[PDB]
2 protein chains.
Amino acid sequence: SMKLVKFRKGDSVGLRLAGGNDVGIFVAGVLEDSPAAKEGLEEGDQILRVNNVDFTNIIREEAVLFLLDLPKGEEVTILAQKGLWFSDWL
Amino acid sequence: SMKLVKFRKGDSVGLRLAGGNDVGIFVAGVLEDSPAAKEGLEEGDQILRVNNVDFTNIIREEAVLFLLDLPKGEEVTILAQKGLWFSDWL
């Protein structure tokens with residue numbers, strides 16, 4: 001049900017995000033060959049926490065900038081849960 | 001603002017979908033090297049119409065099954081608009 005994903009940030013975090021009208025922040029894509037991919041992050045997962053931030057109470061714009069601004073080399077810890085729905089490949 | 005994407009369906013349509021609580025059906029991924037990719041479908045686009053179906057008034061489950069069930073070789077026409085938000089790669 002929950003998953004803890006930990007990787008060292010490279011030049012980018014290797015993720016894209018999606019959400020709606022304050023209904024949670026979701027993984028909308030994981031970069032191929034990235035540390036995030038290697039460690040098991042998946043499209044459709046809800047992000048609950050990144051490092052010391054509650055990702056269930058953050059506005060969209062901050063969620064984006066927080067991840068962009070983490071320095072290269074720093075460890076990123078994501079707690080994810082496996083409002084939005086996502087289909088499989090069709 | 002709008003885009004019309006037309007391709008011949010292969011073994012799969014080459015797309016994944018996302019939505020919320022009846023807030024529209026969105027492109028959540030486009031398969032690399034697919035006809036859909038070649039013709040310009042992009043993650044974050046809202047699907048307005050597929051063939052002769054109003055994709056703004058269809059429940060999630062039908063949206064999925066409709067696309068799965070289209071036969072191989074049939075032309076797929078998607079009208080897309082460039083409730084959900086999607087970030088860029090971070």
Side-chain angles (χ1 to χ4, degrees), chain A residues 5 7 9-37 41-47 50-51 53 55 58-72 74 76 78 80 82-90, chain B residues 5 7 9-37 41-47 50-51 53 55 58-72 74 76 78 80 82-90:
Chain A
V5 171
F7 56 97
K9 187 185 167 168
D11 296 292
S12 298
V13 287
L15 292 180
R16 56 193 314 177
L17 300 179
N21 189 6
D22 181 41
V23 295
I25 306 299
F26 294 78
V27 180
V30 185
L31 214 52
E32 194 51 279
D33 305 295
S34 66
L41 195 67
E42 297 178 350
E43 178 154 0
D45 288 349
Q46 187 183 349
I47 302 176
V50 184
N51 292 2
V53 180
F55 258 57
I58 192 170
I59 74 182
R60 159 195 186 180
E61 298 83 359
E62 178 162 30
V64 170
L65 278 167
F66 177 78
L67 289 174
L68 283 180
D69 207 29
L70 287 169
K72 184 176 185 182
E74 179 169 338
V76 181
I78 300 178
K82 303 177 201 168
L84 274 56
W85 57 268
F86 289 77
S87 78
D88 301 325
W89 285 111
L90 312 176
Chain B
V5 171
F7 56 97
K9 187 185 167 168
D11 296 292
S12 298
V13 287
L15 292 180
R16 56 193 314 177
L17 300 179
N21 189 6
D22 181 41
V23 295
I25 306 299
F26 294 78
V27 180
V30 185
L31 214 52
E32 194 51 279
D33 305 295
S34 66
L41 195 67
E42 297 178 350
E43 178 154 0
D45 288 349
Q46 187 183 349
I47 302 176
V50 184
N51 292 2
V53 180
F55 258 57
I58 192 170
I59 74 182
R60 159 195 186 180
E61 298 83 359
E62 178 162 30
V64 170
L65 278 167
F66 177 78
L67 289 174
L68 283 180
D69 207 29
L70 287 169
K72 184 176 185 182
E74 179 169 338
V76 181
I78 300 178
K82 303 177 201 168
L84 274 56
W85 57 268
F86 289 77
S87 78
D88 301 325
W89 285 111
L90 312 176

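Protein chains get the first letters and strands the later ones, always in sequence-line order, with residue 1 at the start of each.
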Under 4.5 Å to a heavy atom of chain B? For A:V30 that would be backbone

Okay, B:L84 and chain A: the region with an atom under 4.5 Å from a heavy atom over there is both

The interface call for B:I25 against chain A, heavy-atom contacts under 4.5 Å, is side chain

Ranked by heavy-atom pairs below 4.5 Å to chain B, first place among A:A18, A:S12, A:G19 goes to A:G19

Rounding to 0.5 Å, atoms OG (B:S87) and CD (B:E43) come to a distance of 8.5 Å

Closest heavy-atom pair, A:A63 versus A:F55, reported as atoms and distance to 0.1 Å, is CB-CE2, 3.8 Å

Honestly, the part of B:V23 sitting under 4.5 Å from a heavy atom of chain A is neither

Original post:
So, do B:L17 and B:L67 sit near enough that their side-chain heavy atoms are less than 4.5 Å apart?
Top reply: yes

Checked A:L68, A:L15, A:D11 vs chain B; the most non-hydrogen pairs under 4.5 Å come from A:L15

Whatever's closer than 4.5 Å to a heavy atom in chain B on A:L90 counts as both

When every non-hydrogen atom of B:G20 is compared with those of A:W85, the smallest separation belongs to O-NE1, 3.1 Å

Under 4.5 Å to a heavy atom of chain B? For A:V13 that would be both

Okay, A:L65 and chain B: the region with an atom under 4.5 Å from a heavy atom over there is neither

*asked:* Quick check: do A:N51 and A:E74 have side-chain heavy atoms less than 4.5 Å from each other?
replied: yes

Taking the side chain as C-beta and beyond, is there a heavy-atom pair between B:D45 and B:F86 under 4.5 Å?
-> no

Nearest heavy-atom approach of B:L31 to A:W89 is N-CZ3, 3.5 Å

